[PDB]
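Participant: Below is one structure. I have some questions about it.
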Amino acid sequence: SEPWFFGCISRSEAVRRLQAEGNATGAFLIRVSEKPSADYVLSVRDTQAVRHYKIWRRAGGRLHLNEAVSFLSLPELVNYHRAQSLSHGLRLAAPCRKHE
């Protein structure tokens, strides 16, 4: 259990990160919303390609990638993502590995 918060990785680094051979499906990372505003985006290799998601906060202390997945905080929000694959093509697992 570890997403690896990285708010300094473009949609390119993440795409090549999750897809990389450092994750056997399930990898997930929490970066910053390069497109959105004051939020965080998560990317998971799922089971092959790279899937991203926008994490909208409840302005106060609660992140939710959807209207059916909200959590006081990020670390907690993920915990549920791992167990429930609802808003996720593949229940999270380990942190997105890279090459360095």
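Chain labels A, B, ... are given in the sequence in which chains occur in the structure tokens; within each chain residues are numbered consecutively from 1, and ligands are likewise numbered from 1 in the order shown.
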Residues at most 9 Å from stretch 5-14 of chain A, counting only C-alpha atoms, excluding those fewer than 4 positions away in the same chain, as number ranges by chain?
Facilitator: A: 18-19, 29-34, 40-44, 50, 52, 96
Participant: I want to know what sits within 9 Å of residue A:94, based on only C-alpha atoms, with residues of the same chain fewer than 4 positions away left out; could you give that as number ranges by chain?
Facilitator: A: 1-3, 23-28
Participant: Check the smallest atom-to-atom distance from each of A:55, A:39, A:45, A:61 to residue A:21 using only C-alpha atoms, then report the winner.
Facilitator: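 Going through A:55, A:39, A:45, A:61 one by one, the smallest distance to residue A:21 is for A:45.
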Participant: Extract, using only C-alpha atoms, all DNA, RNA and protein residues at most 9 Å from stretch 76-82 of chain A, discarding same-chain residues fewer than 6 positions from it, and format them as a list in words.
Facilitator: residues 1, 2, 3, 26, 62, 63, 64, 65, 69, 70, 88, 90, 91, 92 and 93 of chain A
Participant: Given the selection you just returned, output its residues as a file containing N, CA and C atoms, formatted as a compact mmCIF listing (two decimals), in the first residue's frame.
Facilitator:
```txt
# COMPACT_ATOMS: atom_id res chain seq x y z
N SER A 1 0.84 -1.23 0.00
CA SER A 1 0.00 0.00 0.00
C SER A 1 0.86 1.26 0.00
N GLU A 2 0.93 1.92 -1.15
CA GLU A 2 1.72 3.14 -1.28
C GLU A 2 1.60 3.71 -2.69
N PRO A 3 0.88 4.83 -2.83
CA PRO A 3 0.68 5.49 -4.13
C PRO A 3 1.90 6.30 -4.56
N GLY A 26 -1.67 -2.38 -10.96
CA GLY A 26 -2.15 -1.94 -9.66
C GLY A 26 -1.44 -0.69 -9.18
N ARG A 62 -11.05 16.80 2.21
CA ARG A 62 -11.73 15.61 1.70
C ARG A 62 -11.56 15.50 0.19
N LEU A 63 -10.84 14.47 -0.25
CA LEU A 63 -10.60 14.25 -1.67
C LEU A 63 -11.53 13.17 -2.21
N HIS A 64 -11.97 13.35 -3.46
CA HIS A 64 -12.86 12.39 -4.09
C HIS A 64 -12.70 12.41 -5.61
N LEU A 65 -12.27 11.29 -6.18
CA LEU A 65 -12.08 11.19 -7.62
C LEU A 65 -13.41 11.15 -8.35
N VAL A 69 -16.87 8.44 -4.40
CA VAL A 69 -15.62 8.06 -3.76
C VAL A 69 -14.95 9.26 -3.11
N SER A 70 -15.38 9.59 -1.90
CA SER A 70 -14.82 10.72 -1.16
C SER A 70 -14.17 10.26 0.13
N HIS A 88 -12.35 2.59 -10.45
CA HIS A 88 -11.00 2.19 -10.80
C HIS A 88 -11.01 0.90 -11.62
N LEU A 90 -8.85 -1.07 -11.93
CA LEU A 90 -8.02 -2.07 -11.26
C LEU A 90 -7.65 -1.61 -9.85
N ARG A 91 -8.13 -2.35 -8.85
CA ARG A 91 -7.85 -2.02 -7.46
C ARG A 91 -6.36 -1.77 -7.25
N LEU A 92 -6.03 -0.59 -6.73
CA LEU A 92 -4.64 -0.23 -6.48
C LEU A 92 -3.90 -1.37 -5.79
N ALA A 93 -2.58 -1.23 -5.68
CA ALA A 93 -1.76 -2.25 -5.04
C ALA A 93 -0.49 -1.64 -4.43
```
Participant: Could you work out how far atom CA of residue A:85 lies from atom CA of residue A:68, giving the answer in Å with one decimal?
Facilitator: 11.8 Å
Participant: Based on the backbone DSSP call, show me all residues of chain A assigned helix (DSSP H, G or I), as a count of residues only.
Facilitator: 18
Participant: Which is closest to residue A:57 among A:89, A:95, A:22, A:36, if we use only C-alpha atoms?
Facilitator: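 Closest to residue A:57, using only C-alpha atoms: A:36.
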Participant: Take atom CA of residue A:99 and atom CA of residue A:47 and report the distance between them in Å, one decimal.
Facilitator: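 Between atom CA of residue A:99 and atom CA of residue A:47 the gap is 19.2 Å.
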Participant: Using atom CA of residue A:17 and atom CA of residue A:97 as the two end points, give the distance in Å to one decimal.
Facilitator: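 Separation between atom CA of residue A:17 and atom CA of residue A:97: 6.5 Å.
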